[PDB]
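The first residue in the sequence is number 1, and the count goes up from there. We use all heavy atoms of the structure for the numbers below, so side chains are in, but hydrogens, waters and symmetry mates are not.
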Amino acid sequence: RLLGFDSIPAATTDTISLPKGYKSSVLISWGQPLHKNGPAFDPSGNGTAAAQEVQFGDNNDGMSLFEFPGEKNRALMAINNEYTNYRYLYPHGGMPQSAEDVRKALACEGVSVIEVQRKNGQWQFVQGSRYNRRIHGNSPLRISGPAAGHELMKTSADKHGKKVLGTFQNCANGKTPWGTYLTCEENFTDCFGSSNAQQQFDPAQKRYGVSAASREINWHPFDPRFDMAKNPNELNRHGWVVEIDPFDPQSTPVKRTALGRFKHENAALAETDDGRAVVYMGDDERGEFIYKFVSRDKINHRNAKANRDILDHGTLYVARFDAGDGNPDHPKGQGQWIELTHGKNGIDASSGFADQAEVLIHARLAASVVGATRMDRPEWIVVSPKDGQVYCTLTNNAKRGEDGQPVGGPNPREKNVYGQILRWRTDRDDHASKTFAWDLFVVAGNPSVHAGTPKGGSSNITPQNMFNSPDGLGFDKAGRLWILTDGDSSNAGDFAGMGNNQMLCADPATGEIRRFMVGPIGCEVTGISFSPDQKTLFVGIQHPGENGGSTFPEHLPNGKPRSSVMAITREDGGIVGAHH
Ligand code: VO4
Ligand SMILES: [Ca+2]
Ligand SMILES: [Ca+2]
Ligand SMILES: [Ca+2]
Ligand SMILES: [Cl-]
Ligand SMILES: [Cl-]
């Protein structure tokens, strides 16, 4: 079968726990200088913003690996850097106190492109490679697609609406079949505030969750780009899928507005039967939606550069899921893709949309007009390389059951603290289909605390493999589904026996799930990529010690913990997750 290791116990230690015959090594950590003679990481927090702009970013998250043509022992990795931990970033351990502190936080976020080389079966970071690069919160980027140059995308600093500074709050990823990387801007709204505490926000601004105080980010008092009283349109220039060419270190990344604006988690690539690109996308917020972009033109697989702007033309859709059959263990039903186009489905001037650019900039509002199904926090989406079935984590939803978020179909429990994994099979196995058959692949729960109730989870959950808040997902070439968690690590109450965050492996055809790895204290397990030969599984350990309980990975006395990308291998050199 696919699962070749024995399910490991849950753990609470400040280490990486793995099955018998597996080992882990740190590939790279937050603060690693990328270039030759680069500034060494300073554990005191006294490193400058300029140094952070040339060092591996903080809180590593989604990532992809790219092969080098003609060289099996080289590869590039594009790794997102989502946010930063103020307690560790600054020597003062608190909120930004200056323009330089804000620059230092912006420098932490974005993407880190690195070269990795294999020696004796072990992949290692190559400092000084010409491909090494930081794309950060103050990097010069381009805006393309239907919303580029729109009045809502113009600011005093960018009067033409096509040049944007930075990509930040970079959550998860996509890998295209034309050799490019997609990075997703998720909680971008958290970074904005206002010098006018009594600022009255419009319906689109309110729907995206912006506030005058910011969500404890507080950049706006030092950089007016984040001050909504002065640059309100800056909020519209973030929350997009950004395309990066990892093979060109001087290339300008492009915000692809055709894919819509929302709190993007990841971007799952697929292809229609007639050859067009498909990108499935989750909007991570309680009660938000699942989207699908289909390109206008066909993918040219043999001429990579002919697809340069394939993501600028196409159609954006949003999902509706029916009530299903009401099965308490394995609910299933039908769903559909509803087009988000001006002049269709009630999206027009009468519902507040003047043109298609506004539909994309305010995709959430357009999706509500068409009756999209409010979901339990869609996070990562993956497409099976064996049968094309699509998997989406619905991490949790403490507000499910409140007015406007009814219990039903793929969101079967009120006050959902555990989450579930939603699956859909596109009709006729054609990703161009506008309908699909959905089912809950797993309903997470705790059968040691809530046996025989909905909070006990589905029958493929046991006390031995139980987890909460599935977030990251990744398929390997063999078809194993890797599940990464970002849940409650209290190991108490509703989460008794679940321990620290972890990674599990599932057989999609049978529903069997086995616990594979447990991460250190205060982290979340996020980011997944495989070496081409599948003998190294790269996984991210994000924000170890977020509440001050970790020294991972260096374990120096009263040391500073650092987010890291880990390389997981078998002692016998075999394929990760396969039989021995
Ligand atoms: O950025 V997250 O929705 O995993 O917290
Ligand atoms: Ca996540
Ligand atoms: Ca999460
Ligand atoms: Ca998280
Ligand atoms: Cl439906
Ligand atoms: Cl902690």
Side-chain angles (χ1 to χ4, degrees), residues 1-3 7-10 282 290 321-335 373 375-382 384 387 389-398 400-401 405-425 436-473 475 479-488 493-499 501-516:
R1 63 166 60 83
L2 293 172
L3 308 176
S7 189
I8 69 165
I290 296 167
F321 299 87
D322 74 10
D325 63 358
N327 189 281
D329 197 334
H330 191 199
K332 60 178 83 188
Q334 290 285 126
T373 304
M375 308 299 288
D376 290 352
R377 293 188 62 196
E379 289 202 280
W380 295 49
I381 301 173
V382 292
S384 171
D387 70 0
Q389 290 194 86
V390 190
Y391 296 74
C392 182
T393 51
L394 296 178
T395 205
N396 50 60
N397 189 355
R400 180 56 61 179
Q405 296 191 67
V407 174
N411 308 288
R413 300 178 292 188
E414 72 180 352
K415 304 181 179 72
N416 180 17
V417 303
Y418 298 116
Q420 60 271 9
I421 307 183
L422 168 66
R423 164 165 63 192
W424 63 92
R425 184 164 177 179
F436 52 81
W438 66 266
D439 73 289
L440 292 184
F441 176 67
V442 67
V443 181
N446 193 328
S448 292
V449 182
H450 303 287
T453 75
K455 283 181 78 136
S458 50
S459 56
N460 47 338
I461 297 295
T462 67
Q464 290 71 244
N465 72 5
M466 62 180 176
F467 60 93
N468 79 96
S469 309
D471 176 337
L473 295 178
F475 268 108
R480 280 170 276 277
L481 175 59
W482 299 85
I483 301 158
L484 291 69
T485 80
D486 169 29
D488 190 305
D494 281 348
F495 315 97
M498 291 173 170
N501 278 307
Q502 53 196 263
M503 183 160 64
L504 306 100
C505 191
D507 181 335
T510 72
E512 189 183 355
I513 298 163
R514 291 187 192 183
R515 190 180 301 111
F516 176 81

Could you check whether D439 pairs with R423 (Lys NZ or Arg NE/NH1/NH2 to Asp/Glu carboxylate O, under 4.0 Å)?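 Looking at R423 together with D439, the answer is yes, because their closest N to O distance falls below 4.0 Å.
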Can you confirm whether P410 sits close enough to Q420 that some side-chain heavy atom of one is under 4.5 Å from a side-chain heavy atom of the other?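 No - every pair of side-chain heavy atoms lies 4.5 Å or more apart.
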Would a 4.5 Å heavy-atom cut-off, applied to side chains only, mark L440 and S458 as touching?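 Answer no - side chains too far apart.
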Donor-acceptor pair, [X] side chain versus [Y] backbone, under 3.5 Å?
X: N465; Y: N460; value: yes
X: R515; Y: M466; value: yes
X: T393; Y: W380; value: yes
X: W424; Y: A437; value: no
X: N397; Y: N416; value: no
X: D376; Y: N411; value: no
X: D507; Y: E512; value: no
X: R514; Y: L504; value: no
X: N396; Y: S469; value: no

How would you list, by chain and number, every residue that makes a ring-ring contact (aromatic ring centres under 6.0 Å, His included) with [X], sequence neighbours excluded?
X: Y418; result: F495
X: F467; result: none
X: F475; result: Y391

Working note: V443 + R413, criterion side-chain contact (heavy atoms from CB on, under 4.5 Å); need CA distance, chi angles, decisive distance, verdict. CA-CA 10 Å; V443 181; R413 300 178 292 188; 3.4 Å; yes
On a heavy-atom basis, which atom in [X] and which in [Y] lie closest, and how many Å separate them?
X: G282; Y: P378; value: CA-CB, 3.9 Å
X: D322; Y: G333; value: OD1-CA, 3.5 Å
X: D329; Y: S459; value: OD2-OG, 2.8 Å
X: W438; Y: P331; value: CZ3-O, 3.6 Å
X: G456; Y: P447; value: O-CD, 3.3 Å
X: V449; Y: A496; value: CG2-CB, 4.0 Å

What's the separation between atom [atom1] in [X] and atom [atom2] in [Y], rounded to the nearest 0.5 Å?
X: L2; Y: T510; atom1: CG; atom2: OG1; value: 8.0 Å
X: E379; Y: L394; atom1: CD; atom2: CG; value: 9.5 Å
X: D488; Y: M498; atom1: CG; atom2: CE; value: 9.5 Å
X: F441; Y: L481; atom1: CZ; atom2: CG; value: 6.0 Å
X: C392; Y: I381; atom1: SG; atom2: CD1; value: 4.0 Å
X: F516; Y: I483; atom1: CZ; atom2: CD1; value: 13.0 Å

Between [Y] and [X], is there a side-chain donor-acceptor contact under 3.5 Å, judged purely by atom types and distance?
X: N501; Y: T485; answer: yes
X: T395; Y: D471; answer: no
X: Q464; Y: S7; answer: no

Show, in sequence, the C-alpha distance, side-chain angles and deciding distance for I421 and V442, and conclude whether the side-chain contact (heavy atoms from CB on, under 4.5 Å) test is met. CA-CA 5 Å; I421 307 183; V442 67; 3.5 Å; yes
Determine the sole option in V390, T373, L422 for which the side-chain contact (heavy atoms from CB on, under 4.5 Å) test with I290 is passed.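 For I290, the side-chain contact (heavy atoms from CB on, under 4.5 Å) test succeeds with only one of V390, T373, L422, which is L422.
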Any residue meeting side chain to side chain contact (heavy atoms under 4.5 Å, CB included) with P328, in chain and number order, not counting sequence neighbours: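 Scan of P328 (side chain to side chain contact (heavy atoms under 4.5 Å, CB included), adjacent residues dropped) gives none.
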For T453, enumerate each residue passing the side chain to side chain contact (heavy atoms under 4.5 Å, CB included) test, keeping only those at least two apart in sequence or located in another chain.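 Checked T453 against side chain to side chain contact (heavy atoms under 4.5 Å, CB included); matches are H450, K455.
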Return the set of residues passing salt bridge (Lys or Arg N to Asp or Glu O under 4.0 Å) with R377 (not counting sequence neighbours), or none when no residue passes.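 Scan of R377 (salt bridge (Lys or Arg N to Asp or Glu O under 4.0 Å), adjacent residues dropped) gives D284.
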